[PDB]
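What follows is a short report on a single structure.
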Amino acid sequence: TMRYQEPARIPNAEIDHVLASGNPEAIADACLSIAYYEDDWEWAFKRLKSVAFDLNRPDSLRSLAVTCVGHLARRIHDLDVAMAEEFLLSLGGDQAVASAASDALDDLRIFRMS
Amino acid sequence: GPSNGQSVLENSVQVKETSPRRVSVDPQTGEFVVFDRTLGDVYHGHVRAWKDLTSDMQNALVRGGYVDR
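If you read the protein sequences in the order shown, they are chains A and E. First residue of the first sequence? That's 2 in the deposited numbering, and the numbers climb one at a time after it. First residue of the second sequence? That's 169 in the deposited numbering, and the numbers climb one at a time after it.
Here it is as structure tokens:
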């Protein structure tokens, strides 16, 4: 059966360590803590992108990071829209993340361009 | 987040077979809820207003037998 988990808040100061050393569940938690609770677009977008672009991370994590970029876009009024869009569009051609890119783009277009 | 996460997730529907993104409606509180995969069968979710759902989301809701209009 599917399991609901509402993201835990990981303190800002611990995030980069978790992203360097952490196992997959730790990393997902960090991505989601960023997605749901951090307000600094630039600080957060930078970190999500490094996960999304990292070829040594499993597709599950890369895809989640994109979905998380979708969440930031939904939540944060002062995002750089053009940067968010170029990012999501630059992924449309590679399959590991394409599907989440499309849904993150849905999030961008609704909350920030409509 | 949503009030009734677990049961609202169980009675949810996948929007498109190309994406694990699902959607449901809380029978109790009446809110519309979007769910995304975390890892494996684990999911997280957020509340949305009717006009913030896409055509696909709304189609898959009404047609699922979840909302009148």
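Cβ atoms here follow ideal geometry from the backbone N, Cα and C, with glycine treated the same way.
Using the Cβ count rule (16 or more neighbours within 10 Å means buried), how would you classify residue i?
i	result
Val-98/A	buried
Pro-12/A	exposed
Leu-89/A	buried
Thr-186/E	exposed
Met-114/A	exposed
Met-225/E	buried
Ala-217/E	exposed
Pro-59/A	exposed
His-72/A	buried
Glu-26/A	exposed
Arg-4/A	exposed
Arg-205/E	buried
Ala-83/A	exposed
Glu-15/A	exposed
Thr-68/A	buried
Taking the alpha helix (DSSP H) that residue i belongs to, which residues open and close that run?
i	result
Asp-108/A	96-114
Provide the residue(s) that pair with residue i in DSSP beta bridges, ordered along the chain.
i	result
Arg-216/E	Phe-200/E
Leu-207/E	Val-210/E
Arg-4/A	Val-210/E
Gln-182/E	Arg-190/E
Kindly give me the distance between the Cβ atoms of residue i and residue j, rounded to whole angstroms, as I take these residues to be in contact under 8 Å.
i	j	result
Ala-53/A	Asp-30/A	Contact flag wrong, Cβ pair sits at about 16 Å.
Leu-20/A	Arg-63/A	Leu-20/A to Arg-63/A, Cβ: 13 Å. No contact.
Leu-33/A	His-212/E	6 Å
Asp-194/E	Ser-171/E	6 Å
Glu-199/E	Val-215/E	5 Å
Using a Cβ-Cβ distance under 8 Å, would residue i count as near chain A?
i	result
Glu-185/E	no
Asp-194/E	no
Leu-177/E	yes
residue 316/E	In the structure as shown, chain E starts at 169 and stops at 237, and residue 316/E therefore has no counterpart that could be examined.
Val-210/E	yes
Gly-198/E	no
Comparing the C-beta of residue i with each C-beta of chain E, is any distance below 8 Å?
i	result
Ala-27/A	no
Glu-7/A	yes
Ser-22/A	no
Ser-91/A	no
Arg-4/A	yes
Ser-61/A	yes
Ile-16/A	no
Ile-111/A	yes
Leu-65/A	yes
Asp-81/A	no
So residue i is in the beta strand (DSSP E); what residue range does that whole segment cover?
i	result
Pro-188/E	187-193
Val-67/A	Careful: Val-67/A lies outside any beta strand (DSSP E), inside the alpha helix (DSSP H) at 60-76.
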